[PDB]
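A.B. asks: Let me give you the structure first, and then I'll get to my questions.
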Amino acid sequence: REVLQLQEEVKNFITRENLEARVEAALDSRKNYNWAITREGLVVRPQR
Amino acid sequence: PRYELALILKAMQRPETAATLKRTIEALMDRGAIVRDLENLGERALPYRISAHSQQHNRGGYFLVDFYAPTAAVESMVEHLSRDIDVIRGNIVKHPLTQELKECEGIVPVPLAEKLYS
Amino acid sequence: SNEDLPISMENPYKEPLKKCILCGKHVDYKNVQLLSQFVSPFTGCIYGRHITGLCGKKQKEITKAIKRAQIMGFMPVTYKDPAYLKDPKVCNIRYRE
Amino acid sequence: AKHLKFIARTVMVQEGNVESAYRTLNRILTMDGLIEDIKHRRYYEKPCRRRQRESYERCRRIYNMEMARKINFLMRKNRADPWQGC
Amino acid sequence: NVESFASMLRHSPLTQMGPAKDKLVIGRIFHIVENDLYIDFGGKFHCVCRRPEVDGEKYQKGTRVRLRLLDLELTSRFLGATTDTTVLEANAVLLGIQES
Amino acid sequence: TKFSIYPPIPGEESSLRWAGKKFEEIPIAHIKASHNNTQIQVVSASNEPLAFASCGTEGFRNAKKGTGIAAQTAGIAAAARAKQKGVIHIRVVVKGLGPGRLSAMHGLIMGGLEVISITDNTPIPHXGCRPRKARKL
Ligand code: FES
Numbered sequence: 155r156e157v158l159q160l161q162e163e164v165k166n167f168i169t170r171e172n173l174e175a176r177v178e179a180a181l182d183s184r185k186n187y188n189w190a191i192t193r194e195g196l197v198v199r200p201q202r
Numbered sequence: 002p003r004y005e006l007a008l009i010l011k012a013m014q015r016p017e018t019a020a021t022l023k024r025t026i027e028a029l030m031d032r033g034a035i036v037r038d039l040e041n042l043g044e045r046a047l048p049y050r051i052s053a054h055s056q057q058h059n060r061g062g063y064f065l066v067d068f069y070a071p072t073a074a075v076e077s078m079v080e081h082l083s084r085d086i087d088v089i090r091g092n093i094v095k096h097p098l099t100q101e102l103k104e105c106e107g108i109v110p111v112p113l114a115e116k117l118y119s
Numbered sequence: 046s047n048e049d050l051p052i053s054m055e056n057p058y059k060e061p062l063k064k065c066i067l068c069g070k071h072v073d074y075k076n077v078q079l080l081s082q083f084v085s086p087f088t089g090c091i092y093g094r095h096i097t098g099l100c101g102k103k104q105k106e107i108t109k110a111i112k113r114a115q116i117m118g119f120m121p122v123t124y125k126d127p128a129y130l131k132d133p134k135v136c137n138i139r140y141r142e
Numbered sequence: 002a003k004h005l006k007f008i009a010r011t012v013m014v015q016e017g018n019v020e021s022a023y024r025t026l027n028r029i030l031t032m033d034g035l036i037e038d039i040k041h042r043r044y045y046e047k048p049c050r051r052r053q054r055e056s057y058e059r060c061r062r063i064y065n066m067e068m069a070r071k072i073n074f075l076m077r078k079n080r081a082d083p084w085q086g087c
Numbered sequence: 076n077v078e079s080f081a082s083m084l085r086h087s088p089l090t091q092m093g094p095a096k097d098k099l100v101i102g103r104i105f106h107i108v109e110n111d112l113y114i115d116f117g118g119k120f121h122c123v124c125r126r127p128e129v130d131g132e133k134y135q136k137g138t139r140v141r142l143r144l145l146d147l148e149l150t151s152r153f154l155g156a157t158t159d160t161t162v163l164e165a166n167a168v169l170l171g172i173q174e175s
Numbered sequence: 058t059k060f061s062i063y064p065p066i067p068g069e070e071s072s073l074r075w076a077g078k079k080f081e082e083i084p085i086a087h088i089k090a091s092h093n094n095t096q097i098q099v100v101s102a103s104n105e106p107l108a109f110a111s112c113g114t115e116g117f118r119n120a121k122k123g124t125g126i127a128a129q130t131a132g133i134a135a136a137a138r139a140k141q142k143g144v145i146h147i148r149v150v151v152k153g154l155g156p157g158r159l160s161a162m163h164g165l166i167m168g169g170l171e172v173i174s175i176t177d178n179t180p181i182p183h184x185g186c187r188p189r190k191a192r193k194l
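Now the structure itself:
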């Protein structure tokens, strides 16, 4: 099961041919790792 | 193994930032790395002033590069980033998602007698 | 023998063990918003587990995450980032007036 | 030195009450351990002495917390005598 | 056909109750000292509850009341002790009076 | 609005003003409270010096410099030279736990200046130079 999952992911891996497209496709996007926790143990995602 | 490169780039315009990322990802590939993803965390003010290559920086572009590489590539990549003038600060860590979190039943109490005895 | 005698088994009324607010959650050094909830607003000092309520395992992950984030350029050291002052207050510390 | 200024250890004055602002700042620095830290740093405390004091401080807190717990527990019966005369 | 002790214990209300924490029980005031109400609720030890501010005069000897139990016996073991210290009373919160 | 002891953050849009000046524009009174002396300098937001006073410059000598009343006198002197230059509101930055830590601020107020904030900048090394050996007294 791990080899199958890994075989699909490799389709999305960066390569020398698709390097420029993926570099530009990243400058347009934003990835947010920020989130806060509450006294009840609930995650409070950011307002975006 | 699987690594995560936390990359702070000098605040630049879009064309020069893309050239730095391409030049940085190509250096990884030249050392045998298989690059998995590239994530932009956004441009922000640094938590403190950072001096790099005879310049002072207050803002930077935060990027992540998820990739697999041989253990010997890390030392060579750390050296590569130290010479790139467009990189403010770059650190290579073992990817956090590789480490699997062990389940926790809860907080087991500690006997007080052990505390003072220990 | 006798039907009404007690039977051996595990406590059916036993309650689950307590869990810290972060039990079961991944603590990443890039999640500065979470980490900032466990440092002093005025001095940036990391709170002890008696203030944060965290267990030994998560208290260590938070501490190591804070120290990693600080020196890698993600988190300030001498103060809590003011952007995160209005986040949920999960720490048993009372400061102002 | 490299951080932003007027954020760390900064308290605003309200209605010209500078005494209350100073007391709040002193309380902040005290609770975070900065005052005791500054004082212990005037002269070098040797590692054998630092460990001994830290061990004494940790054991005294446990004994004081445990003695408070006992007094709280044994003060429930401080009510008036229910069987006076017997 | 004499009932055995094991039979009495299995079918006793106190056994059937299970844990006592957060259990509603009916108590009876048997002794009063100023504003201290001594209430028996079927357990080993009585509980002591302060007279409520509202309708304080309604609480008299013999008055049946509703309680929320917390512990049947308040005991704790303190550092350096071989046994548990007990205050010989239950922990309960007085809610009000029981009426028909 | 309720009062916030947290200072206004630069770059955000606050409504607080002092004589039409923002927090970032208020001059700064730097107080160095040492064990045996107290130094007070008032500077502008652009780091332009405006006034300087210390217990030594006010005619105090030896152990008298290390007193609260000596720092209070230095504060009044610094306030007078600063008030002439157009200073009313000041941000106080005190470094050190000397006897003139609080008294130096009192003198600034008696001299005609209004303190809008108090900041401690006492140097705390995070691990740094080895201090001198303990004293046998
Ligand atoms: S209680 Fe489970 S990780 Fe903290």
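Chains as they are written, first to last, in PDB author numbering: chain U, 155 to 202; chain E, 2 to 119; chain P, 46 to 142; chain Q, 2 to 87; chain W, 76 to 175; chain I, 58 to 194.
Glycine included, each C-beta is placed from N, C-alpha and C at the ideal position.
Compute every distance between the C-beta of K64 of chain P and the non-hydrogen atoms of the ligand FES, then say whether any falls below 7 Å.
C.D. replies: One-based indexing of the third sequence puts residue 64 of chain P at position 19. True, at least one ligand heavy atom lies under 7 Å from that Cβ.
A.B. asks: Would you call the stretch 155–167 of chain U and the stretch 11–28 of chain E in contact, with 3 or more CB pairs under 8 Å?
C.D. replies: no
A.B. asks: Counting only the same chain and skipping the five closest in sequence on each side, list residues whose C-beta sits under 6 Å from that of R37 of chain E.
C.D. replies: In the second sequence, residue 37 of chain E corresponds to position 36, counting from 1. Hits under 6 Å: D67 and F68.
A.B. asks: Compare the C-beta of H71 of chain P against all C-beta atoms of chain E and say whether one is closer than 8 Å.
C.D. replies: Here the question's residue 71 of chain P lines up with position 26 in the third sequence. Taking Cβ atoms only, chain E reaches closer than 8 Å to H71 of chain P, which makes this a yes.
A.B. asks: Which residue or residues does DSSP assign as beta-bridge partners of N18 of chain Q?
C.D. replies: As a first step, residue 18 of chain Q is located in the fourth sequence; it is residue number 17 there, counting from the start. DSSP, once it has assigned bridges, lists Q:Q15 as partnering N18 of chain Q.
A.B. asks: At 3 residues or longer, and completely inside the stretch 85–152 of chain I: list those beta strand (DSSP E) runs for me, N to C.
C.D. replies: 85–90, 95–100, 106–111 and 146–152
A.B. asks: At the level of alpha carbons, what is the spacing between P16 of chain E and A180 of chain U?
C.D. replies: Locating residue 16 of chain E in the second sequence gives position 15, where the first residue counts as 1. Locating residue 180 of chain U in the first sequence gives position 26, where the first residue counts as 1. Taking the straight line joining both Cα atoms gives about 13 Å.
A.B. asks: Would you kindly work out how many angstroms separate the C-alpha atoms of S61 of chain I and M13 of chain Q, rounded to a whole number?
C.D. replies: On the sixth sequence, residue 61 of chain I is found 4 positions in, with the first residue counted as 1. On the fourth sequence, residue 13 of chain Q is found 12 positions in, with the first residue counted as 1. Cα-Cα distance, rounded: 7 Å.
A.B. asks: What number of angstroms, rounded off, separates the C-alpha of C105 of chain E from the C-alpha of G69 of chain P?
C.D. replies: Along the second sequence, read from residue 1 onward, the residue named residue 105 of chain E stands at position 104. Along the third sequence, read from residue 1 onward, the residue named residue 69 of chain P stands at position 24. Distance between the alpha carbons of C105 of chain E and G69 of chain P: 7 Å.
A.B. asks: On the three-state DSSP scale, how would you describe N166 of chain W?
C.D. replies: Indexing the fifth sequence from 1 puts residue 166 of chain W at position 91. Looking at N166 of chain W - three-state DSSP - the assignment turns out to be strand.
A.B. asks: Taking only runs that begin and end inside the stretch 4–68 of chain Q, name each unbroken beta strand (DSSP E) of 3 or more residues, in chain order.
C.D. replies: 11–13
A.B. asks: Tell me the residue span of the beta strand (DSSP E) that contains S82 of chain W.
C.D. replies: As a position in the fifth sequence, residue 82 of chain W is number 7, starting the count at 1. Unbroken run through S82 of chain W is the alpha helix (DSSP H), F80 to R85; no beta strand (DSSP E).
A.B. asks: Answer yes or no: does any C-beta atom of chain P fall closer than 8 Å to that of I62 of chain I?
C.D. replies: What you label residue 62 of chain I is simply residue 5 of the sixth sequence in a count that begins at 1. True, the Cβ-Cβ gap to chain P drops below 8 Å.
A.B. asks: Does the distance from the CB of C122 of chain W to the CB of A167 of chain W come in under 8 Å?
C.D. replies: Translated into the one-based positions of the fifth sequence, residue 122 of chain W becomes position 47. Translated into the one-based positions of the fifth sequence, residue 167 of chain W becomes position 92. For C122 of chain W and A167 of chain W, yes; Cβs fall inside 8 Å.
A.B. asks: How would you call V111 of chain E, buried or exposed, if buried means at least 16 neighbouring beta carbons within 10 angstroms?
C.D. replies: Against the second sequence, residue 111 of chain E aligns to sequence position 110. Around the beta carbon of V111 of chain E, fewer than 16 other beta carbons lie within 10 angstroms, which makes this residue exposed.
A.B. asks: Where does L99 of chain P land, buried or exposed, given buried means 16+ other C-beta within 10 angstroms?
C.D. replies: Taking the third sequence and counting its residues from 1, the one referred to as residue 99 of chain P is at position 54. Looking at its Cβ environment, which holds 16 or more other Cβ atoms inside 10 Å, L99 of chain P is buried.
A.B. asks: Note down, in chain order, every chain W residue with its Cβ under 7 Å from the Cβ of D49 of chain P.
C.D. replies: Position 4 of the third sequence, counting from 1, holds the residue named residue 49 of chain P. Near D49 of chain P (Cβ distances below 7 Å), the residues of chain W are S79, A81, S82 and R85.
A.B. asks: For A134 of chain I and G125 of chain I, what's the separation of their Cα atoms in angstroms?
C.D. replies: As a first step, residue 134 of chain I must be located in the sixth sequence, where it is residue number 77. As a first step, residue 125 of chain I must be located in the sixth sequence, where it is residue number 68. Computed Cα separation, rounded: 14 Å.
A.B. asks: With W189 of chain U and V177 of chain U assumed to form a contact (beta carbons below 8 Å), what rounded beta-carbon distance in angstroms separates them?
C.D. replies: Locating residue 189 of chain U in the first sequence gives position 35, counting from the first residue. Locating residue 177 of chain U in the first sequence gives position 23, counting from the first residue. Not a contact, Cβ separation roughly 27 Å.
A.B. asks: Name, going along the chain, the residues of the stretch 32–64 of chain E whose beta-carbon falls closer than 9 Å to a beta-carbon of chain P.
C.D. replies: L42, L47, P48, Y49, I51, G61 and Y63
A.B. asks: Under 8 Å, Cβ to Cβ, is there at least one residue of chain P near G137 of chain W?
C.D. replies: Residue 137 of chain W sits at position 62 when you count from the first residue of the fifth sequence. No - not a single Cβ of chain P is within 8 Å of the one on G137 of chain W.
A.B. asks: Residues in its own chain within less than 8 Å of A102 of chain I by CB, not counting five upstream and five downstream?
C.D. replies: As a first step, residue 102 of chain I is located in the sixth sequence; it is residue number 45 there, counting from the start. These residues qualify, in order along the chain: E81, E82, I83, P84 and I85.
A.B. asks: Quick one: what does DSSP say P61 of chain P is sitting in, helix, strand or coil?
C.D. replies: Stepping through the third sequence from its first residue, residue 61 of chain P is reached at position 16. Of the three classes helix, strand and coil, the one that applies to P61 of chain P here is coil, per DSSP.
A.B. asks: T123 of chain P: buried (16+ other C-beta within 10 angstroms of its C-beta) or exposed?
C.D. replies: Position 78 of the third sequence holds residue 123 of chain P. When all chains shown are included, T123 of chain P counts as buried.
A.B. asks: Does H4 of chain Q come within less than 8 Å of chain E when only Cβ atoms are used?
C.D. replies: Locating residue 4 of chain Q in the fourth sequence gives position 3, where the first residue counts as 1. With 8 Å as the cut-off, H4 of chain Q counts as an interface residue toward chain E.
A.B. asks: Cα separation between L99 of chain W and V77 of chain P?
C.D. replies: Residue 99 of chain W sits at position 24 when you count from the first residue of the fifth sequence. Residue 77 of chain P sits at position 32 when you count from the first residue of the third sequence. Cα to Cα, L99 of chain W sits roughly 46 Å from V77 of chain P.
A.B. asks: Would you call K122 of chain I buried or exposed, if buried means 16 or more other Cβ atoms sit within 10 Å of its Cβ?
C.D. replies: In the sixth sequence, residue 122 of chain I corresponds to position 65, counting from 1. It is buried - the Cβ of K122 of chain I has at least 16 other Cβ atoms within 10 Å.
A.B. asks: Per DSSP, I107 of chain W is paired with what?
C.D. replies: Working through the fifth sequence from its first residue, we reach residue 107 of chain W at position 32. Answer by DSSP bridge pairing, in chain order: W:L112.
A.B. asks: Taking only beta carbons into account, state which residues of the stretch 78–97 of chain P come closer than 9 Å to chain W, listed in chain order.
C.D. replies: none
A.B. asks: Compute every distance between the C-beta of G107 of chain E and the non-hydrogen atoms of the ligand FES, then say whether any falls below 7 Å.
C.D. replies: Numbered from 1 along the second sequence, position 106 holds the residue referred to as residue 107 of chain E. True, at least one ligand heavy atom lies under 7 Å from that Cβ.
A.B. asks: Compute the minimum distance between the beta carbon of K109 of chain P and the heavy atoms of the ligand FES, and state whether it is under 7 Å.
C.D. replies: For the purposes of this step, residue 109 of chain P is taken as residue 64 along the third sequence, with counting starting at 1. The answer is no for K109 of chain P.
A.B. asks: Would you verify that the beta carbon of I108 of chain E is, or is not, closer than 8 Å to some beta carbon of chain P?
C.D. replies: In the second sequence, the residue the question calls residue 108 of chain E occupies position 107. Interface residue, yes.
A.B. asks: Tell me the residue span of the alpha helix (DSSP H) that contains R126 of chain W.
C.D. replies: Position 51 of the fifth sequence, counted from the first residue, corresponds to residue 126 of chain W. From DSSP, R126 of chain W is part of no alpha helix (DSSP H); its letter is neither H nor E.
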